[PDB]
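Participant: If you count by the entry's author numbering, then the sequence shown holds residues 22 to 142, one letter each, in order.
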Amino acid sequence: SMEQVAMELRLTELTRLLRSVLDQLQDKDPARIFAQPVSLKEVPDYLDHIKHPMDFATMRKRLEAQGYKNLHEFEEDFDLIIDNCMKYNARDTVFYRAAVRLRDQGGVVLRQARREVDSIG
């Protein structure tokens, strides 16, 4: 149908905007701490601690399959990255501290994203 196409164009355009959002958030992680999945070879107990692992590469795979229906879904995955880190790692660690800085800096990007998503519809 023509309606299904229009819906698909909307999804494609959301994917475009979320790709730019993802790039801007990942720039706030210049150490690449959150770039890839925590390695279960190197942290064998990880899934005993963290039930839903997340990282920027995993988000990018979902994004490119147009697997984010709305900004809320995308933010859920970004918050997982941060929240998983802040539980597994202690306050006095470079990992925890990286997550705090990512959260604080990402907030600004996500605030305007929400306005753009609502504005453009």
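Note that the Cβ used here is the ideal one computed from N, Cα and C, for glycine as well.
Cβ atoms of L92 and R135: under 8 Å apart, would you say?
Facilitator: Contact flag set, yes.
Participant: So is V26 buried or exposed if we call it buried at 16+ other beta carbons inside 10 Å?
Facilitator: It is exposed - the Cβ of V26 has fewer than 16 other Cβ atoms within 10 Å.
Participant: Give the range of the alpha helix (DSSP H) segment to which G142 is assigned.
Facilitator: Where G142 is concerned, there is no enclosing alpha helix (DSSP H), given that its DSSP letter is neither H nor E.
Participant: My guess is that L101 and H73 are in contact by the Cβ rule of under 8 Å, so how many angstroms apart are they, rounded?
Facilitator: With a Cβ gap of about 6 Å, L101 and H73 count as contacting.
Participant: If you check the beta carbons only, do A119 and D50 fall under 8 Å apart?
Facilitator: For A119 and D50, yes; Cβs fall inside 8 Å.
Participant: Roughly how many angstroms separate the alpha carbons of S60 and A78, rounded to a whole number?
Facilitator: Straight-line Cα distance between these residues: approximately 13 Å.
Participant: Would you tell me roughly how many angstroms separate the C-alpha atoms of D98 and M80, rounded to the nearest one?
Facilitator: So the alpha carbons of these two residues sit roughly 7 Å apart.
Participant: Classify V42 as buried or exposed, calling it buried when 16 or more other Cβ atoms lie within 10 Å of its own Cβ.
Facilitator: Result: buried.
Participant: Do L35 and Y89 have their beta-carbon atoms positioned less than 8 Å apart in this structure?
Facilitator: In contact: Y89 and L35 (Cβ atoms closer than 8 Å).
Participant: Report the three-state DSSP secondary structure of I103 (helix, strand or coil).
Facilitator: It is helical.
Participant: Taking the C-alpha atoms as reference points, what is the distance between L131 and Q45?
Facilitator: Their backbone Cα atoms lie some 10 Å apart in a straight line.
Participant: Have a look at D125 and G142 and give me their C-alpha separation to the nearest angstrom.
Facilitator: Rounded to the nearest angstrom, the two C-alpha atoms are 26 Å apart.
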